[PDB]
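Below, chain A is the first sequence line, B the second, and so on; all start at residue 1. These values consider heavy atoms only, across backbone and side chains, with no hydrogens, waters or symmetry-generated copies.
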2 protein chains.
Amino acid sequence: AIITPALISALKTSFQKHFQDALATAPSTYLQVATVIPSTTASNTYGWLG
Amino acid sequence: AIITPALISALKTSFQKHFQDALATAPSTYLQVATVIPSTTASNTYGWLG
């Protein structure tokens, strides 16, 4: 006649991490639509002739 | 010739086991819809991070 706190609830229970980091995020797709340009200062300026 | 119909008429037979295992049962399928998580106590508690 063990008291409920020390029962299947807590005393008899094993922790498992099968659900961890299983639901993923949508795959990255920004490369297909955008291109990467590096920078090394506060801003970047672009110019073309015509 | 003449004989009781409970000895010869009963023993003039050849038992065969063709009918055994003639049919089958539906194949296992729960693998395609479930994973197997072994347990070592009364219950298993699961926890994952957000």
Side-chain angles (χ1 to χ4, degrees):
Chain A
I2 177 65
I3 58 162
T4 302
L7 265 293
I8 318 303
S9 70
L11 183 61
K12 279 82 75 174
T13 198
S14 176
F15 192 68
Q16 305 275 122
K17 65 179 73 174
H18 277 257
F19 293 100
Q20 187 45 54
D21 63 31
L23 287 185
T25 306
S28 284
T29 48
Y30 77 105
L31 279 181
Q32 293 190 330
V33 302
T35 183
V36 185
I37 306 172
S39 179
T40 73
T41 191
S43 77
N44 264 18
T45 290
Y46 312 85
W48 57 105
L49 174 48
Chain B
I2 309 311
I3 188 147
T4 55
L7 183 140
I8 297 294
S9 304
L11 290 174
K12 300 289 94 176
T13 185
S14 189
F15 179 80
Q16 295 297 289
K17 65 179 73 175
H18 290 84
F19 279 53
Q20 180 67 237
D21 272 302
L23 58 94
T25 315
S28 184
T29 302
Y30 82 98
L31 283 71
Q32 306 179 40
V33 295
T35 45
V36 180
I37 305 180
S39 178
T40 68
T41 191
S43 71
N44 279 351
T45 302
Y46 300 90
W48 56 106
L49 190 62

Problem - All side-chain contact (heavy atoms from CB on, under 4.5 Å) counterparts of B/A22, not counting sequence neighbours - result: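 Residues passing side-chain contact (heavy atoms from CB on, under 4.5 Å) with B/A22: none at all.
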Exercise for the section: Identify, with sequence neighbours excluded, every residue that meets side-chain contact (heavy atoms from CB on, under 4.5 Å) alongside A/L31. Expected result: A/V36
Problem - Greater than 12 external heavy atoms within 6.0 Å of A/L23's CG - result: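 No, not enclosed.
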Handout entry: CZ/B/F19: more than 12 non-hydrogen atoms of other groups inside 6.0 Å
Key = no
Produce the donor-acceptor pair table for chain A versus chain B, cut-off under 3.5 Å.
unit_1 : atom_1 : unit_2 : atom_2 : d
A/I8   : O      : B/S43  : OG     : 3.2
A/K12  : O      : B/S43  : OG     : 3.2
A/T13  : OG1    : B/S43  : OG     : 3.0
A/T13  : OG1    : B/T45  : OG1    : 2.7
A/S14  : N      : B/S43  : O      : 3.0
A/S14  : O      : B/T45  : N      : 2.8
A/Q16  : N      : B/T45  : O      : 2.8
A/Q16  : O      : B/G47  : N      : 3.4
A/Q20  : OE1    : B/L49  : N      : 2.7

